[PDB]
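Trainee: Sending over structure_34.pdb (PDB, C-alpha atoms and all ligand atoms).
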MODEL        1
ATOM      1  CA  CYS A 291     -63.218  50.289 -14.924
ATOM      2  CA  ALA A 292     -62.360  49.779 -18.600
ATOM      3  CA  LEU A 293     -58.596  50.349 -18.326
ATOM      4  CA  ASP A 294     -57.441  46.760 -17.761
ATOM      5  CA  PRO A 295     -58.829  43.406 -16.563
ATOM      6  CA  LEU A 296     -57.587  43.999 -13.014
ATOM      7  CA  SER A 297     -59.386  47.345 -13.004
ATOM      8  CA  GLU A 298     -62.591  45.653 -14.162
ATOM      9  CA  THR A 299     -62.135  43.149 -11.332
ATOM     10  CA  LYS A 300     -61.724  46.028  -8.874
ATOM     11  CA  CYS A 301     -64.926  47.631 -10.149
ATOM     12  CA  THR A 302     -66.857  44.354  -9.934
ATOM     13  CA  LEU A 303     -65.598  43.614  -6.410
ATOM     14  CA  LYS A 304     -66.034  47.283  -5.388
ATOM     15  CA  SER A 305     -62.662  47.083  -3.638
ATOM     16  CA  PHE A 306     -59.068  48.215  -4.106
ATOM     17  CA  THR A 307     -57.350  44.979  -2.966
ATOM     18  CA  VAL A 308     -58.718  41.898  -4.722
ATOM     19  CA  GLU A 309     -57.746  38.658  -2.999
ATOM     20  CA  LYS A 310     -56.245  35.592  -4.670
ATOM     21  CA  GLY A 311     -58.939  33.832  -6.666
ATOM     22  CA  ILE A 312     -60.991  33.804  -9.846
ATOM     23  CA  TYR A 313     -63.563  36.533 -10.420
ATOM     24  CA  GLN A 314     -66.002  36.814 -13.319
ATOM     25  CA  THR A 315     -66.082  40.434 -14.492
ATOM     26  CA  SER A 316     -67.817  40.622 -17.879
ATOM     27  CA  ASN A 317     -69.273  38.458 -20.633
ATOM     28  CA  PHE A 318     -67.534  37.972 -23.970
ATOM     29  CA  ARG A 319     -69.667  38.246 -27.093
ATOM     30  CA  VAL A 320     -68.676  37.980 -30.755
ATOM     31  CA  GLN A 321     -70.404  40.715 -32.739
ATOM     32  CA  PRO A 322     -71.441  39.494 -36.218
ATOM     33  CA  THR A 323     -68.979  40.490 -38.922
ATOM     34  CA  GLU A 324     -71.544  41.027 -41.696
ATOM     35  CA  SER A 325     -75.047  40.117 -42.856
ATOM     36  CA  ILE A 326     -75.821  37.850 -45.822
ATOM     37  CA  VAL A 327     -79.245  37.282 -47.399
ATOM     38  CA  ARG A 328     -79.902  34.350 -49.737
ATOM     39  CA  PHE A 329     -83.003  33.642 -51.828
ATOM     40  CA  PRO A 330     -83.799  30.964 -54.423
ATOM     41  CA  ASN A 331     -83.834  31.631 -58.149
ATOM     42  CA  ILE A 332     -86.964  33.553 -59.129
ATOM     43  CA  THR A 333     -89.212  31.768 -61.632
ATOM     44  CA  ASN A 334     -92.129  34.241 -61.794
ATOM     45  CA  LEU A 335     -90.517  36.275 -64.562
ATOM     46  CA  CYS A 336     -92.665  38.773 -66.430
ATOM     47  CA  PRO A 337     -93.458  37.636 -70.001
ATOM     48  CA  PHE A 338     -91.090  40.100 -71.667
ATOM     49  CA  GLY A 339     -89.504  37.513 -73.958
TER
ATOM     50  CA  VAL B 729     -73.104  14.400  -4.628
ATOM     51  CA  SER B 730     -73.198  17.086  -7.287
ATOM     52  CA  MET B 731     -75.530  18.529  -9.883
ATOM     53  CA  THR B 732     -74.867  20.377 -13.121
ATOM     54  CA  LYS B 733     -72.475  23.230 -12.364
ATOM     55  CA  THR B 734     -74.604  25.680 -14.336
ATOM     56  CA  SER B 735     -74.510  29.470 -14.572
ATOM     57  CA  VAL B 736     -76.906  31.918 -16.235
ATOM     58  CA  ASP B 737     -76.105  35.420 -17.463
ATOM     59  CA  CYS B 738     -79.008  37.578 -16.304
ATOM     60  CA  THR B 739     -78.583  40.416 -18.806
ATOM     61  CA  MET B 740     -78.262  38.185 -21.872
ATOM     62  CA  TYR B 741     -81.214  36.030 -20.805
ATOM     63  CA  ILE B 742     -83.536  38.955 -20.077
ATOM     64  CA  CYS B 743     -82.419  41.016 -23.076
ATOM     65  CA  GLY B 744     -80.868  39.848 -26.318
ATOM     66  CA  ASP B 745     -78.531  41.850 -28.529
ATOM     67  CA  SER B 746     -80.829  44.848 -28.041
ATOM     68  CA  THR B 747     -79.256  47.602 -25.949
ATOM     69  CA  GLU B 748     -82.401  49.545 -25.015
ATOM     70  CA  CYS B 749     -83.657  46.478 -23.154
ATOM     71  CA  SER B 750     -80.377  46.418 -21.222
ATOM     72  CA  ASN B 751     -80.725  50.095 -20.299
ATOM     73  CA  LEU B 752     -84.324  49.605 -19.179
ATOM     74  CA  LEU B 753     -83.364  46.561 -17.094
ATOM     75  CA  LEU B 754     -80.515  48.531 -15.515
ATOM     76  CA  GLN B 755     -83.108  50.558 -13.586
ATOM     77  CA  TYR B 756     -84.447  47.459 -11.798
ATOM     78  CA  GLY B 757     -81.460  47.503  -9.445
ATOM     79  CA  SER B 758     -79.068  44.710  -8.489
ATOM     80  CA  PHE B 759     -81.398  41.815  -9.310
ATOM     81  CA  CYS B 760     -79.023  40.454 -11.950
ATOM     82  CA  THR B 761     -75.946  40.936  -9.765
ATOM     83  CA  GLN B 762     -77.304  38.974  -6.797
ATOM     84  CA  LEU B 763     -78.853  36.497  -9.228
ATOM     85  CA  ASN B 764     -75.438  35.731 -10.727
ATOM     86  CA  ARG B 765     -73.951  35.680  -7.226
ATOM     87  CA  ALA B 766     -76.388  32.943  -6.195
ATOM     88  CA  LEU B 767     -75.452  30.752  -9.165
ATOM     89  CA  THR B 768     -71.735  31.328  -8.589
ATOM     90  CA  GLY B 769     -72.213  30.312  -4.967
ATOM     91  CA  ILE B 770     -74.035  27.178  -6.104
ATOM     92  CA  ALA B 771     -71.219  26.322  -8.530
ATOM     93  CA  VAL B 772     -68.517  26.739  -5.891
ATOM     94  CA  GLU B 773     -70.727  24.695  -3.563
ATOM     95  CA  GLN B 774     -70.835  21.867  -6.121
ATOM     96  CA  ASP B 775     -67.050  21.881  -6.416
ATOM     97  CA  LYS B 776     -66.801  21.857  -2.622
TER
HETATM   98  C1  LIG C   1     -86.913  36.056 -76.500
HETATM   99  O1  LIG C   1     -86.778  37.346 -75.892
HETATM  100  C2  LIG C   1     -85.701  37.412 -74.944
HETATM  101  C3  LIG C   1     -85.756  38.785 -74.314
HETATM  102  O2  LIG C   1     -85.430  39.801 -75.250
HETATM  103  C4  LIG C   1     -84.373  37.127 -75.643
HETATM  104  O3  LIG C   1     -83.326  37.114 -74.680
HETATM  105  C5  LIG C   1     -84.427  35.783 -76.359
HETATM  106  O4  LIG C   1     -83.241  35.591 -77.122
HETATM  107  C6  LIG C   1     -85.641  35.720 -77.280
HETATM  108  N1  LIG C   1     -85.740  34.413 -77.906
HETATM  109  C7  LIG C   1     -85.143  34.112 -79.064
HETATM  110  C8  LIG C   1     -85.351  32.715 -79.567
HETATM  111  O5  LIG C   1     -84.462  34.929 -79.675
ENDMDL
END
In structure tokens, what does this structure look like?
Ligand SMILES: *[C@@H]1O[C@H](CO)[C@@H](O)[C@H](O)[C@H]1NC(C)=O
Mentor:
Amino acid sequence: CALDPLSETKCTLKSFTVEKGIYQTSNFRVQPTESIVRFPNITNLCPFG
Amino acid sequence: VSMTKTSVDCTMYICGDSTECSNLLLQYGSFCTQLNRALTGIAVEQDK
């Protein structure tokens, strides 16, 4: 199934001779590259100074 | 003459990025397959 797009089409159609047309096999998804966390400047500093 | 040529992905709708939800849904059978088939038929029907 995962060898090539035609093979995925064959698996989806459950056949060995796919006819001329357009077939939807899978869904494309973009996995997030990284995670970023942002917070405002902290003002509740301990009175060390 | 025609309505919005829409299509819905069953797996992504039912379950988000979580995989365990996908595995658990996989045991419900071919609900999602026939569900997508119905919408694809509707879309081709709109074009027709
Ligand atoms: C007050 O203490 C802080 C923390 O040690 C220091 O950075 C700061 O320079 C001090 N204030 C003055 C006027 O030196």
Trainee: Mind listing the residues within 12 Å of ligand LIG 1 (chain C), all atoms listed in the file counted, as a VMD selection string?
Mentor: chain A and resid 335 to 339
Trainee: Could you list, as a list in words, the residues of chain B having an atom within 12 Å of chain A when counting only C-alpha atoms?
Mentor: residues 735, 736, 737, 738, 739, 740, 744, 745, 761, 764, 765, 767, 768, 769 and 772 of chain B
Trainee: Keeping C-alpha atoms for every residue in the selection just given, could you write it to a file as a tab-separated table (two decimals), keeping the file's coordinate frame?
Mentor:
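File selection34.tsv, as written:
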chain	number	residue	atom	x	y	z
B	735	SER	CA	-74.51	29.47	-14.57
B	736	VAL	CA	-76.91	31.92	-16.24
B	737	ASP	CA	-76.10	35.42	-17.46
B	738	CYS	CA	-79.01	37.58	-16.30
B	739	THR	CA	-78.58	40.42	-18.81
B	740	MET	CA	-78.26	38.18	-21.87
B	744	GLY	CA	-80.87	39.85	-26.32
B	745	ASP	CA	-78.53	41.85	-28.53
B	761	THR	CA	-75.95	40.94	-9.76
B	764	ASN	CA	-75.44	35.73	-10.73
B	765	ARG	CA	-73.95	35.68	-7.23
B	767	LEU	CA	-75.45	30.75	-9.16
B	768	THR	CA	-71.74	31.33	-8.59
B	769	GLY	CA	-72.21	30.31	-4.97
B	772	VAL	CA	-68.52	26.74	-5.89
Trainee: Is it possible to get the axis-aligned box enclosing stretch 303-313 of chain A (all listed atoms, 5 Å extra per side) as lines of an AutoDock Vina configuration file, with centre and edge lengths in Å rounded to one decimal?
Mentor:
center_x = -61.1
center_y = 41.0
center_z = -6.7
size_x = 19.8
size_y = 24.4
size_z = 17.5
Trainee: If we count only C-alpha atoms, what is near residue B:776 at a cut-off of 10 Å, once residues fewer than 3 positions away on the same chain are taken out, given as a list in words?
Mentor: residues 729, 730, 770, 771, 772 and 773 of chain B
Trainee: Atom CA of residue B:734 to atom CA of residue B:766: how many Å, to one decimal?
Mentor: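 Atom-to-atom, atom CA of residue B:734 and atom CA of residue B:766 are spaced 11.1 Å apart.
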Trainee: Mind pulling up the distance from atom CA of residue B:753 to atom CA of residue A:291?
Mentor: 20.6 Å
Trainee: Rounded to one decimal, what separation in Å do you get between atom CA of residue B:754 and atom CA of residue A:299?
Mentor: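 Computing it gives 19.6 Å between the two atoms.
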